[PDB]
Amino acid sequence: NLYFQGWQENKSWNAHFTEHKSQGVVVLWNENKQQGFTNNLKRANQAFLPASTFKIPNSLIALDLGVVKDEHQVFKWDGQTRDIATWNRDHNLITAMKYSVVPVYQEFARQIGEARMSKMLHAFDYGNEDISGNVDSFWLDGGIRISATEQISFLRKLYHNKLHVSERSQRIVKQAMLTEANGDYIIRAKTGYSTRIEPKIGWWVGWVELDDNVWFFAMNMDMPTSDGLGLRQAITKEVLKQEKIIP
């Protein structure tokens, strides 16, 4: 039988959003204490399109089915010129995730296919597990929905290698999730920006590795234009600093 004390609501963190003239939620989970904290318990449980944060489960499935052989395999540019310059080149899994290269992952989705994608998402217990829409864009404008607290749940399984895919697939995706590391912490995370369907939100989900603990985080925020995308990380780090998790 699972046990859970509940999410504590700390409305103090709301200052970090209002002082940036913004609206959103940050959710934190203390792995050692098995305690969760948020500034907004309702928005914490509100489900949105995952957008580019779907690259995490998408990468795991592609690797586990052999669609992606390893983190060095090159997915060559299809020659279509797109709005994001870094997309108009060849990529491997590391760089495709760092530059959030959508057309590489849509190709992953097509090769995975509807049937296996649905079955894997059910095995992951991922969000609402609904892939209705185009096989290669349902996480951008289809039926799939996931909340900040469901993101923590999924990430916790990935951290402990508990997802129903190979340990190796999971190690590879956690490698590709690497975002920042120094003498004080490691951050493995994925950004996201949902623009195709309202409301337009930005995501940042992942976790902070310390010497003797892991803090999982999931945040999203209203994002009416791309000028505020940097706030996804800045607001989260302000909360991490306030709680003395990072210096």
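Residue numbers here begin at 1 and follow the sequence given.
Set 145 to 153 against 84 to 92 and average the Cα temperature factors; 84 to 92 ends up higher. Stretch comparison (220 to 228 versus 233 to 241) by mean CA B-factor in the PDB entry places 220 to 228 on top. Of the residues listed, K69, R188, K55, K33, the entry assigns the biggest Cα temperature factor to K33. Taking the deposited Cα B-factors for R116, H160, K174, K98, the highest one is held by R116. Among all modelled residues in this chain, the alpha-carbon of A181 has a temperature factor (C-alpha) in the lowest third. Ranked by Cα temperature factor within the chain, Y126 sits in the middle third according to the deposited record.
Per the deposited record, the Cα B-factor of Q170 falls in the lowest third when ranked against the other modelled residues of its chain. Compared with the other modelled residues of the chain, the Cα B-factor recorded for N134 ranks in the middle third. Ranked by C-alpha B-factor against the other modelled residues of its chain, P199 falls in the highest third.
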